[PDB]
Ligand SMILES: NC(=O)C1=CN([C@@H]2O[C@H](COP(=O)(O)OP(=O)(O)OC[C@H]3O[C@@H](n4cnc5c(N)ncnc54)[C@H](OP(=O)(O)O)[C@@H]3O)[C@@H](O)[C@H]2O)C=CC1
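Have a look below at one chain only, the form solved without the named molecule, in structure tokens format.
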């Protein structure tokens, strides 16, 4: 991705509020070093220029025609998708706004974006879930159309101490409610198909339930596994990868709907009083951001495999991705480091889980996905615990955006934590109850959690 122009826009995107994050009643009880992201350039924690830092994710583009390895990757991926019988038919506006099977009702909490945020028009004013009214969205669509700009927000979240002082905060590139809606209309069935079929056909884990989906993963990826982490995946994508995605959609039968991919490839953004235009780079806050990032990763990993290895039979290849995050399988061992170098050639920055010949081979004990490790249950080793590292839970519990939601926050953390085993979970509950409000909280018994877990299947 590359910013190809920058100028005064004509509008004024309001400065962000101060962080909503503050030390929770557990800040002292648990170890951790993350802090709320820098949100403005006058943050005293910064040790470099904020603006430069936040837009540095755009590394440039590898401009190129689609190559032969890409054409093969696209064909194999389409072949994988075809048994799913994705419908290319639009879904009704009502379903796009209020939901259907496989597609959740449109998120009411995220910004309505442009022009609405500058006009005091809120999603609430347009949406009525009680009556499922589409009339006030239909006129807004008629009024402003689609292909509207994205509004840039800096993301209010925890970040490592290094990223705070390096100013590496993340950005939300929020699409207009018009574009979200039109894209959901056009791609609604595809999204639903993906949500309903996490696995190695979609090659997608978007919308999955780790509690239950984890036991499936080792069965789907039953060969010699490998995994990647990317640096700046989204912003690093070159237009050529968006072109491969369009070819996949075309081969599924879509036609004019590739216009929606151009809208993601070549995007115009609003930040402060500026309009800047980005070629390449997936926007973070679009309707199909996750699904399309995932579809593109399916194309990428195949492309790198075929490029590096002559005599690769992709029908033996399996993978599951969630955006940049990937875990994959091939029956024979490969050198993921070779694929990563190959990725360089297309302007990608990737690190394999296997860091070298001296490191232990990636296996089900050391591999991660969605930040989680994999651990076979003692009693039932065919059932796989998703294991969020306690370090992550420790970092999260030390802050809240709203102290009045401590009970809900901690409960959801417990549903994560207990997979680390009974002893780690007892220690965790004990530390929670080493402080007044913690001692008052309701906390799931280890027994109940395991029982609930067991009966999710």
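Numbering follows the first chain given and starts at 1.
Not on display, but discussed next: the form solved in complex with the named molecule.
In summary, the region of this chain contacting the named molecule in the deposited bound form, judged by heavy atoms within 4.5 Å and restricted to 138-146, 348-356, 245-253, 278-286, corresponds to 278-286. With respect to the named molecule in the deposited bound form, the three residues 215, 365 and 379 uniformly fall beyond 4.5 angstroms at the level of their nearest heavy atom. Among heavy atoms of residue 322, some come within 4.5 Å of the named molecule in the deposited bound form. The closest heavy atom approach of residue 195 to the named molecule in the deposited bound form falls within 4.5 Å. The named molecule in the deposited bound form is not approached by residue 160, whose heavy atoms all lie more than 4.5 angstroms from it.
Contact check for residue 206: a heavy atom falls within 4.5 Å of the named molecule in the deposited bound form.
Contact with the named molecule in the deposited bound form, judged by any heavy atom within 4.5 Å, is made by just one of 189, 259, 128, 290: 290.
Note on the partner interface in the deposited bound form: the residue among 265, 305, 106, 227 having a heavy atom within 4.5 angstroms of the named molecule is 106.
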